[PDB]
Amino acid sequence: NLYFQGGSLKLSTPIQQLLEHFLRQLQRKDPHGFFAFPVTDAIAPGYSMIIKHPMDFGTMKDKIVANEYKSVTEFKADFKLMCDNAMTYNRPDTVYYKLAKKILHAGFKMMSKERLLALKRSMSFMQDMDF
């Protein structure tokens, strides 16, 4: 199943472009990859018993690639689920709890509707120009 356009044989949406950008920036807060892959029962005994809805950055990346996010709010919800899971399974004295708390706070600030509107407004002048 193909189509021909602009001299190229073919077959990335705005939301995919936005979420790919924010996911790369959030994963930079986790240089050791603690949040990069699903938590296994081997590394975290009882995890599958305690945490009913697991989430990780790698699973969110798969959702972006497959174009399964319909809103920023859905992305932020998955992000929040990951951080809440880490702050439920792990004790407050752990790197996982402390990092989840920092990531959750920083991510919600960075992706607020009000902030994205202000960034869009700052960029609008380039769309008003003809080049």
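Numbering starts at 1 and follows the sequence shown.
In terms of unmodelled positions of the deposited sequence, the stretch from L11 to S12 in this entry skips 4 to 9 residues.
With 77 to 85 and 61 to 69 compared on mean CA B-factor from the PDB entry, the stretch scoring higher is 61 to 69. Looking only at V95, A44, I103, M55, the residue with the top Cα B factor in the deposited structure is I103.
In the PDB entry, a CA B factor belonging to the highest third of its chain's modelled residues is recorded for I50. Among the modelled residues of its chain, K109 has a C-alpha B-factor that falls in the middle third, as given in the PDB entry.
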